[PDB]
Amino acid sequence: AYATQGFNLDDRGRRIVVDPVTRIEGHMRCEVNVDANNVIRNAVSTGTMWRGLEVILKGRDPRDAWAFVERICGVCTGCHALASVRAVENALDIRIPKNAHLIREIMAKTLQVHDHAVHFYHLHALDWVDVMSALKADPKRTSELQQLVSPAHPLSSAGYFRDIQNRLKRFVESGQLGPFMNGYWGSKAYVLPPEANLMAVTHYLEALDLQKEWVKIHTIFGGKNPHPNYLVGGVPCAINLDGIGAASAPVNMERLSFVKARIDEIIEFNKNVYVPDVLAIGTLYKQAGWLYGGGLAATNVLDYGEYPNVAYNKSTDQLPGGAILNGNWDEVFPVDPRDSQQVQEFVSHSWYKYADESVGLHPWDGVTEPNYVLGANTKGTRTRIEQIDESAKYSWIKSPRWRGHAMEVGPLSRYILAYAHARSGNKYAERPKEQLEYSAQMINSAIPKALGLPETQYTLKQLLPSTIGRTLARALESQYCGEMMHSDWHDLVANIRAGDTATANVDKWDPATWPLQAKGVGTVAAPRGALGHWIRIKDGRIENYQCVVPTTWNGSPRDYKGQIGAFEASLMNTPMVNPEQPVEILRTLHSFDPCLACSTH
């Protein structure tokens, strides 16, 4: 047992293993210890995959890198490509034209919405929603709930909900439960009434059909989704308004109109389906007293800051970043990805090796040499682990820290940062502040009043650092991203109509024009938090390429000082209804939206 970061870790209780952790991207193992009353008193995050992209990149052409690193992940598809082209452009002093900037922003915000909404419905919802309970719902009362939760959503009739319920009934009655097989249905950890479950399952199905439409924005600008194409110096999707037949361009007015139609659909979905569902589900779990899962969000949060309303002008970031420590929201520290003393990665408890593992390496000096070795207290063998030994090396995820501090990253971090910035007088963060205040009022008062529940008085400081808050911030971010790209579209079309059709700067395309050595960094507010790629170029080739990815931060194992990362902190001090059913573990881990391929790359 030891104390760290205000957490009292204790591994003397009953050990529980969850492997595989499902409804995430990629491969994770989680172990906990629970006390005499089933409360988690120790948590262990193990990334169970590695591919070695950083090693693979060595010696290759910086212009090709984006395509390699894009394949770090097909869920957060394109965010690595964006980080890569930004890193190369930074190294080579390339400035992209305005249309390329706007198209990249639109693609980024499309990813945010798609990734967030699919995460919530298809990966997260089953931690809050009992599908079997949905079978018991009254269709008319479900219709009535839908009208209260979201008056503007037109899919609300009792007949509609009855038809969806009937299809679910027949599916279950077949005896082939598919994705619902061996689920935790009926657990006392589930608190929703049947009608809320049926509404949510209905939206799960609605979202599954709709998500394929949103990504057509990627398809127009980047050729395909998953894995749209990017370009060092701009975008490949050249613009020509008059061009028809043999002279047809990738982007004309009809293509832009198509994009706008998709953006308008996104805005409807976020406002009418996604945000109201999370507000309602959040309210009901709040009423049940389920405010667990805050972890590091209560103290230390970080993001690089993103979405400048003026390109290359960081003061205009619409999700302004930095770092908060010790839960002091009155002080945002600036974060500099170039500073060797700020972002560093340890491998003390990871399956890698450094010359000296008492130090953390800034990614320009990063090293990725695998070292799969298990500690003396392991139960099992090298190829058959029964209980992992967290006192030694226990993960394929490195341990990123900021000035030595363990930080949480992600939409929640960005929303806490936005709130802090707005309170200091930052006008660019007005919208997220407005969303947060609106959400707190809905959760505390409006939804309770509508549902005949007691009104509560939680502050944002109390509500946000929780698994509910983390889930809320993601939904709000989706909505904000849809709104922003609606504006970006207008700016893009206006710029083109004013006569600027440029999409690529090719002045430094040819490596004969490059400095003989250079270093660069590209950062992105990726769906799961703070993403950075750090590159060193020598004689036209990649000398070093290091990625520090959002789930690397959140899912990280302990560092040299034994400080825990966001996943482990979040599980601490949570009661489990049944230690053998990982309902609460999944609910909280899933609230970070773990991407394990991203975390390990």
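The first residue of the shown sequence is 1; numbering continues from there.
Next item on the list: Report, as yes or no, whether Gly243 is left without coordinates in at least one third of the other compared entries.
Entry: Missing in at least a third of the others, so yes.
Margin query: Highest mean C-alpha temperature factor of the two stretches 138-146 and 121-129, which is it?
Written below: If you average the C-alpha B-factors of 121-129 and of 138-146, the larger mean comes out for 138-146.
Next item on the list: May I ask you to compare 293-301 and 425-433 by their mean CA B factor in the entry and name the higher one?
Entry: Averaged over C-alpha atoms, the B-factors run higher in 425-433.
Check: Which one of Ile281, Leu417, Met442, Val521 shows the top CA temperature factor in the record?
Finding: Reading the PDB entry, the winner on C-alpha B-factor is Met442.
Next item on the list: Going by the CA temperature factor in the entry, name the top one among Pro411, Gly233, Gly223, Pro154.
Entry: So the option with the highest C-alpha B-factor is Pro154.
Item checked: Chain-relative CA temperature factor third for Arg15 -> Middle third - that is where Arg15 ends up once the chain's C-alpha B-factors are sorted.
Next item on the list: Among all modelled residues of this chain, ranked by Cα B factor, put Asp264 in the bottom, middle or top third, i.e. lowest, middle or highest.
Entry: It belongs to the middle third of the chain when residues are ordered by C-alpha B-factor.
Notebook entry, point to check: Which third of the chain does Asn377 land in by C-alpha B-factor: lowest, middle or highest?
Noted result: For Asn377, whose C-alpha B-factor we compare with every modelled residue in the chain, the answer is the highest third.
Notebook entry, point to check: Lowest, middle or highest third of the chain for the C-alpha temperature factor of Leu589?
Noted result: Lowest third, going by the recorded CA B-factors of the chain.
Checklist line | Relative C-alpha B-factor of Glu390, binned into the chain's lowest, middle or highest third | finding: CA B-factor rank for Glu390: middle third.
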